[PDB]
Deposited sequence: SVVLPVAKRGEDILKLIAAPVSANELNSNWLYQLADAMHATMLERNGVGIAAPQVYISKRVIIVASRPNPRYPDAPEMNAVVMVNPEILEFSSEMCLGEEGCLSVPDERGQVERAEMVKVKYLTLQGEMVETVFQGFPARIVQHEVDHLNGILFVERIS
């Protein structure tokens, strides 16, 4: 697997709205390869999530992978949409692979309901709670051109 270089704060790739994955790209070796390189890069940097823009790819693909932090199976999400944010809020320390040695506290929704496509192109809707929810929110923020430092 390839470990990819990661963009840092100050690079404007992080400030765009990433383009949706088109229909022809679903279930393609192009998309599987992209996701595998993201995944490998996330593991090599000890991240618990990653977004394509952070590897210079302005496409709506994220990975949510909470691990020590509670432990989940990693989930790849293509064109994710948060359909509902809870009004209940949780605060917690966040970091970012794109913002080396800078931590802060961000208020996030405690639960989100998210609709996304798998790499094959199947639609799934999943509710996230707690730390996994914060990860989803942070990564969707990356796809929209927002760093966490802007929500401190």
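A.B. asks: Need the unmodelled segments of the deposited chain, numbered from 1, in order.
C.D. replies: In the chain as deposited, 69-74, 159 carry no coordinates.
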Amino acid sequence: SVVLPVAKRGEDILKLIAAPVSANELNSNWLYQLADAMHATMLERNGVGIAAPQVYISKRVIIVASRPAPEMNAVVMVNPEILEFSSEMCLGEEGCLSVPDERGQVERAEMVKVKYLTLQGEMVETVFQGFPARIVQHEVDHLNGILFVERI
From here on, numbers count along this sequence of modelled residues.
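A.B. asks: Does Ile82 go missing in at least one third of the other entries compared here?
C.D. replies: In none of the comparable entries (those modelling both sides of it) is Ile82 left without coordinates.
A.B. asks: Relative to the other PDB entries of this protein in the set, is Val106 coordinate-less in at least a third?
C.D. replies: No; none of the other entries leave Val106 out.
A.B. asks: Do the C-alpha atoms of 81-89 or of 98-106 have the higher average B factor in the entry?
C.D. replies: According to the PDB entry, the answer is 98-106.
A.B. asks: Would you determine, from the values in the PDB entry, which of 54-62 and 25-33 has the greater average C-alpha temperature factor?
C.D. replies: Looking at the recorded C-alpha B-factors, 25-33 comes out higher on average.
A.B. asks: Name the one of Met111, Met38, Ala69, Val114 with the greatest CA B-factor according to the PDB entry.
C.D. replies: That would be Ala69, according to the entry.
A.B. asks: Which third of the chain does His138 land in by C-alpha B-factor: lowest, middle or highest?
C.D. replies: As the PDB entry reports it, the C-alpha B-factor of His138 lands in the lowest third of its chain.
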